[PDB]
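Okay, structure first, notes after.
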Amino acid sequence: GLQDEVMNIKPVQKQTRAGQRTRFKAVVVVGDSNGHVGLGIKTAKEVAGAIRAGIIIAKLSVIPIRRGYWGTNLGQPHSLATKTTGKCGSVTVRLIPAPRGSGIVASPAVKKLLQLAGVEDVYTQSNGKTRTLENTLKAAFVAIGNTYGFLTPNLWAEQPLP
RNA sequence: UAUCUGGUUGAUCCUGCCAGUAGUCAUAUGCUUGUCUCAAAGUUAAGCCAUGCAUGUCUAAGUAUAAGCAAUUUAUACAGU
């Protein structure tokens, strides 16, 4: 089921005549919890506009992930596949699958990517600068997925000819 | 298996130093001061030290205080070898 969960805003000050106006740069993470996530950021005048702008554009940039059973475990049960590192600016996000019962251990940016992907038991690490709007979230989205980042290892054999 | 924030700007992103968040100490100081168990308690002048105490024990190593000889002390059923 599609869950919209809001991360944060910054109040973006623009200098204009007589005084400043505001604009809001909103971050909303979409996900299914079965095995899809969604990245969306856009701006607007008000907070009420910016949230809706981040909601809709996240449903374009939908990423499948290999988690869960189809029949047999084609995705890893309640965890990520392998480990993946990924840079995006002066920012790195690193990942590791955990055993079951651990729960979702992560930074508050990457946490709502993982739980809305359905990924329960993981440890998650960032290093360096953490710039939450842009860099860590972009880095985590290119690290977590199937189209980006992870491969399972079944699809690795399916793609060549046996 | 490792999550950073604030301060150089009109604003932004880097570089970079500083300040703060944590855990710890034979502890010390301000303040308040109600208990217990366990553990610890001169880091400075290996500086100068009063007084009392920290090193003794055996008579089971011997003559063997009879036979013979001064004085004093202790023990007993009687000898007290």
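All residue names refer to the structure tokens as shown: chains lettered A, B, ... in order, residues numbered from 1 in each chain, ligands numbered from 1 in order.
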Subject >> Selection near segment 1-16 of chain B, 7 Å with only C-alpha atoms (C1' of nucleotides), sequence-local residues under 5 positions removed, as a list in words >> reply: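 Once the adjacent positions are removed, what remains is residues 106, 107, 125 and 126 of chain A.
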Pull C-alpha atoms from the residues just selected and write them as a PDB file, in the first residue's frame.
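Contents of the output file again24.pdb:
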```pdb
ATOM      1  CA  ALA A 106      19.754   3.803  10.179  1.00  0.00           C
ATOM      2  CA  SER A 107      20.082   7.579   9.965  1.00  0.00           C
ATOM      3  CA  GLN A 125      25.954   3.792   7.847  1.00  0.00           C
ATOM      4  CA  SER A 126      26.788   7.221   6.415  1.00  0.00           C
TER       5      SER A 126
END
```
**Study point:** Spatial neighbours of residue 91 of chain A, 7 Å, only C-alpha atoms (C1' of nucleotides), chain gap at least 3 places, as a ChimeraX atom specification
**Key:** /A:87-88,127-130,135-136
Can you write out the residues you just picked, keeping N, CA and C atoms, as an mmCIF file, in the first residue's frame?
```
data_model
loop_
_atom_site.group_PDB
_atom_site.id
_atom_site.type_symbol
_atom_site.label_atom_id
_atom_site.label_comp_id
_atom_site.auth_asym_id
_atom_site.auth_seq_id
_atom_site.Cartn_x
_atom_site.Cartn_y
_atom_site.Cartn_z
ATOM 1 N N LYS A 87 28.876 6.933 -3.584
ATOM 2 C CA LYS A 87 29.199 8.320 -3.336
ATOM 3 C C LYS A 87 28.197 9.180 -4.080
ATOM 4 N N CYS A 88 27.952 10.416 -3.589
ATOM 5 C CA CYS A 88 27.161 11.406 -4.282
ATOM 6 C C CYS A 88 27.555 12.728 -3.671
ATOM 7 N N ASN A 127 28.905 8.359 5.999
ATOM 8 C CA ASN A 127 30.228 8.833 6.332
ATOM 9 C C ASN A 127 30.392 10.163 5.657
ATOM 10 N N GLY A 128 31.082 11.101 6.345
ATOM 11 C CA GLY A 128 31.439 12.395 5.812
ATOM 12 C C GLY A 128 30.346 13.378 6.094
ATOM 13 N N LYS A 129 30.003 14.199 5.078
ATOM 14 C CA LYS A 129 28.951 15.187 5.165
ATOM 15 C C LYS A 129 27.653 14.456 4.897
ATOM 16 N N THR A 130 26.499 14.947 5.415
ATOM 17 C CA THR A 130 25.291 14.135 5.444
ATOM 18 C C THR A 130 24.116 14.806 4.785
ATOM 19 N N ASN A 135 22.048 15.013 -0.915
ATOM 20 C CA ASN A 135 23.146 14.091 -1.118
ATOM 21 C C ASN A 135 22.951 12.700 -0.557
ATOM 22 N N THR A 136 22.633 12.536 0.755
ATOM 23 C CA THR A 136 22.493 11.216 1.372
ATOM 24 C C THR A 136 21.321 10.455 0.825
#
```
Task: All helix (DSSP H, G or I) residues (DSSP, backbone) inside segment 11-147 of chain A, as a VMD selection string - done: chain A and resid 47 to 57 111 to 114 135 to 141
Nearest to residue 140 of chain A, restricted to only C-alpha atoms and choosing among A:38, A:160, A:101, A:75, comes out as A:38
Correct to one decimal, the distance atom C1' of residue 43 of chain B-atom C1' of residue 31 of chain B is 26.7 Å
